[PDB]
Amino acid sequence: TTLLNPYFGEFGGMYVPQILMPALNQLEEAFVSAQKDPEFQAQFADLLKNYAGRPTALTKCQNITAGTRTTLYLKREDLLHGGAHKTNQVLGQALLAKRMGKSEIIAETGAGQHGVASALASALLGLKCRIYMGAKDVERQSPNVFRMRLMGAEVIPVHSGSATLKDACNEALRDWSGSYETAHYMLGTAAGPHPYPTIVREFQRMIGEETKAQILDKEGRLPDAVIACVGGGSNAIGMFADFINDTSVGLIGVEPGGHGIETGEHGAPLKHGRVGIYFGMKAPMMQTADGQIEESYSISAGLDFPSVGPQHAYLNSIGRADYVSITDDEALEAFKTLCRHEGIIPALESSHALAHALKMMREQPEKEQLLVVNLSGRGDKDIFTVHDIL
């Protein structure tokens, strides 16, 4: 029995071993209570404003759109403390952990951004943080690993399975299965078992709320579409949530197409995978024909979650949101274009979203359209990657 519906249509649920169900029910109840609590809301807003730097800017990109009838704005989550939107929801989850009387945080991370985010929130709020990270990811993200440790978190390499994000996800759940009485699991995206998809959307929905107010101020109308990359689905649902009931506003999510969908080396399970049950939820998964879970491939390390949030699968099924994919070369081209024409270095994750906006503009340059791209993070971390390719 739960307070809120754990499903978005057929997708979602609470597919964890029975021993973890009390922890999920406890978290759901704490969340419902926090959402009606003016003191919790004031505390969250204060950290968002005075620690993280909200509200973030909405930047118009006239150099990019010159000569066309596209007007494009970027929502500047690259300017949030930590360099990516993940900071919003780790602060709310840290506060939920304290509300429940927990003193320890467990988190998983792939590219490391979620681990840095979890470590910074835990340092600020006095929580003891341990992070699980696939050993292959530890090897290729030494900078992030060192940032986590400078912030006082313990980083534990995971060598099982493929030694990447999914295996860190498993290990986090194995730990929580034994430590839930003292530790909160600070999950990194809008996926996993209920209530996580719902809590992560609500702790990211200020992205879309601010965007709406900002665009109304600057243009006096809502966007024709809002566009966001989809790794696990958090930045995209945070941008989409406030516009879901605005039927005229398009919601476009962009999964990584890797080397190309036809090559099979991609990370686009929503449109090109198959529904399965893993990580606590029923959702589209990267998996073999026999049901073994597989990795997502992208030039961008952070779009590596091999499934997708159940709310996105639901919005897709009813046709409220549209999902597309962008390849590695398209993302690289968008990264180069933003640097040169606007002086902003975008994360290679966010570059997928910007690449799809550029295609909408270039393919029909005389179509009048007001677009917002969620610039989910900054790309200083990606310059070596981009340098080596080039």
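When you see a residue number, it is the position in the sequence shown, counting from 1.
Mean CA temperature factor is higher for 154-162 when stretches 83-91 and 154-162 are set side by side in the entry. Of the two segments, 35-43 and 317-325, the one listed with the higher mean B-factor is 35-43 (C-alpha atoms only). In the deposited coordinates, the residue among 242, 294, 202, 255 with the greatest CA B-factor is 294. Comparing the C-alpha B-factors of 71, 234, 307, 300 in the entry, the top value falls on 300. In the deposited entry, the Cα temperature factor of residue 105 places it in the middle third of its chain's modelled residues. Sorting the modelled residues of the chain by their CA temperature factor places residue 278 in the highest third. In this PDB entry, the Cα temperature factor of residue 264 sits in the top third of its chain's modelled residues, the highest group. Looking at the C-alpha B-factors along this chain, the one for residue 56 belongs to the lowest third. Among the modelled residues of its chain, residue 343 has a C-alpha B-factor that falls in the middle third, as given in the PDB entry.
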